[PDB]
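Before any questions on how it binds or moves, here is one chain, the form deposited in one PDB entry, in structure tokens.
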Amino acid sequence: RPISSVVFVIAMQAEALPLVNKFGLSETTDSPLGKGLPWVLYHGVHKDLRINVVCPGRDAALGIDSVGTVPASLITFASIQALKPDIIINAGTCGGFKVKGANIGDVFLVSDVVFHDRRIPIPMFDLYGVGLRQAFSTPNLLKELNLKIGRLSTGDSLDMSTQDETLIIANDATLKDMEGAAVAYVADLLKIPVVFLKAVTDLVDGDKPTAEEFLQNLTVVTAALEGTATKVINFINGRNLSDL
């Protein structure tokens, strides 16, 4: 049987909105993931696919997107248990390494993902902290849409400490984000295939300030992210996991 349900896990409202409009999704009103939660769930149906987009929502105290690994892991867990999707797509913005071939505006598919900020100097715990995990292989999607691909390194900091950099260079990542590896951890626990669409908003090895460049390109880059996400959804429609 072909894929019939897809759940997008997106950290920022700014990243989700373009997709919500494109597919005419509606904000769920019956708090299916739990009562009193700030999480936002948009639902719709494109062709033969049920489409849901889940976001961690606004922090109650500050009012900004609840970015990071903890909220991403929670909404991934809750949405999987409630919706039982066939596949998860973690779509969002990220930092990229120019030396690795990444350019502003590129929307990457991810080969595998790791964490660069879970350092535990104990024999097996060390490999556990890194959490190397392969994304669901989608060779045909990659070929047909001609997307770039690379390894993603996740951490809860937007900046990059000296220690972070040493480890990121070591794991040879092309992309840097704040949720990916956590979404993969949860998808693994619940045995749900996960794919990533990461749009480069800033160059970590560039010259411009990370924060400034990120905010400056957010709008145009999330539009590009939607463009690719749309092509991905149309490609998945009618297909089975074996033909991606």
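Just count from 1 along the sequence shown to find any residue number. Throughout, rigid core stands for the largest set of C-alpha atoms superposing within 1.5 Å between the two forms.
The discussion below concerns the form deposited in another entry, not included here.
Annotation: the position in 214, 42, 39, 185 displaced by at least 2 Å at CA between this form and the one not shown, with the core superposed, corresponds to 214.
Contraction of the residue 221-residue 209 CA spacing by 3 Å or more is recorded in that other deposited form, set against this form.
Put simply, residue 214 and residue 71 spread apart in that other deposited form: their C-alpha atoms are 3 Å or more farther than in the form shown.
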